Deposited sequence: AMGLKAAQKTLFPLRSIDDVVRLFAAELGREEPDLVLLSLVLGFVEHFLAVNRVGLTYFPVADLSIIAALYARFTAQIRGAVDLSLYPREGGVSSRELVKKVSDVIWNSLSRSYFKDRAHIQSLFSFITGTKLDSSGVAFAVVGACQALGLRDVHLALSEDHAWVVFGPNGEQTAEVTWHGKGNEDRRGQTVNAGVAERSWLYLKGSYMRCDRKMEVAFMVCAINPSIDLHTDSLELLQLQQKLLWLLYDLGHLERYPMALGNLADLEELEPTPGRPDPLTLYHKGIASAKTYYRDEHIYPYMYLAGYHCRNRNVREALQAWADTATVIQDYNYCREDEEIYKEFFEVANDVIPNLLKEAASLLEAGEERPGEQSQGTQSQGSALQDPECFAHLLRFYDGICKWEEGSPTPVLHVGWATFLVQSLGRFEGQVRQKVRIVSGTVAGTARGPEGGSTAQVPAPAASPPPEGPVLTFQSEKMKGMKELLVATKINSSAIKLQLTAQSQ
């Protein structure tokens, strides 16, 4: 909340990964974990671990004196710029005016001209923050001001704040993407209503304080350079996520579960659920709390199957991402999910299939199920295009669809009972409904298919 207590101070100095975990375990026991304290600690240890080094054992000691000084500087900066008497706080509800005031305080503090600028350590010592860092900084400043209703909101690619009863009020506080006009101060209602992926049709995360702790743990960046990760930061993140997991605080956080699965794939913790179980918990969480309208739970699972060369389950998981995206409209700030679908369609899937082909020269290319999955994937992309502001498919997509269908013999392909929506498979998009017979011809007509995919 506000002000360091002896129950925290007594756990300093933090001389190890396990010392940090112990501080987090104690903070998560309290009704209201201190976001400013935890973010400064993570930012301090990350700052000094994210560098190449000589020396087998190293841990940068977080002395209480340096953490409490940075804490006091943050707390003074915010209390000293925000007079709460000028803001009626009726009913335990912050006003949009107050919320935008705190956001402006943070905003006006940032430098005017990358990695490891996500924490309040970065804010206080270098006045630099990345996009979701700003939003987290606004929530921490509000907690420092006693505004118990201001919370972090997160989609799969953006962050803002919610407040009021049950977080019914929303406010943009940070930037998104590169050249877009500032929306700070506005509600997210337009983004929800335009059906963009960026705002998840309203099925976005609304954090309590413990989920905000989970967010800052997911925000740890172990990357030192393009070829190197800090093993210490990976281990710290993995232990903190298991701590959050055990306390139930990842229950409504699919991306944290996927992150935890990836970490367990990297180095499994003895006695813990295996990565596959964790990926499916993330999917279960998205189905339970978020109407199965998230993309990444299936993208996480697909990547895992891809790495493990389970071609069938990878394709199925990728088709699932497309079955989710088909209900959205592609909008002008949804580029990241476009880039991902693009890469999957025109890079990952072709190479995975090329690797499969090279193997039969010396078996999923013979699975009709696998071909069904590939069709369902492309049908979702086409249906996604329908009703969308900007076009999705283009000639590049066309080149690799035909190349990927070619990896299946007409013998294989002919065993799938394609059905126009009005292994058996039903189509929902006009384009795929269109060229359905073309997908099963013993001779793929490249030009026809290429044409119908690129149609308006």
Give me the ranges of the deposited sequence that have no CA atoms here, in sequence order.
114 to 117, 367 to 382, 443 to 469, 504 to 505
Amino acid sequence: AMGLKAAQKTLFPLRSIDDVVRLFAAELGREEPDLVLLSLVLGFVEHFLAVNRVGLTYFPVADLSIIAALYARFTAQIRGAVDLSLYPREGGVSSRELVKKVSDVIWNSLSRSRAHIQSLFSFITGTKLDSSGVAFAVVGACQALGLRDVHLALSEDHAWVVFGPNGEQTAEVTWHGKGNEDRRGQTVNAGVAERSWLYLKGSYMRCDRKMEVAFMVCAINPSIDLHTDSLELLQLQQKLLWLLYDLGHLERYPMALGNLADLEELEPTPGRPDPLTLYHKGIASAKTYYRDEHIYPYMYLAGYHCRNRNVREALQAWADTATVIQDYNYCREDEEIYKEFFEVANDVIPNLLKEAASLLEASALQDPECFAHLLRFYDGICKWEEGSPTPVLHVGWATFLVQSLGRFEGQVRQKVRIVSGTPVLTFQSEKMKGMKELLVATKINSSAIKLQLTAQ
From here on, numbers count along this sequence of modelled residues.
Would you tell me which stretch averages the higher CA B-factor in the PDB entry, 254 to 262 or 363 to 371?
363 to 371
Per the entry, higher mean C-alpha B factor between 425 to 433 and 53 to 61:
425 to 433
Can you tell me which of 133, 202, 179, 126 has the highest Cα temperature factor in the record?
179
Given 15, 22, 443, 9, identify the residue with the highest C-alpha B factor in the PDB entry.
443
Taking only the Cα B-factors deposited for this chain, tell me whether residue 191 sits in the lowest, middle or highest third.
lowest
Name the third of the chain's ranked CA B-factors that contains residue 118, choosing lowest, middle or highest.
lowest
Third assignment of residue 85 from its chain's C-alpha B-factors:
highest
Hey, what third does residue 314 fall into on Cα B-factor, ranked over its chain?
middle
Considering only modelled residues of the same chain, in which third does the CA B-factor of residue 79 rank: lowest, middle or highest?
highest
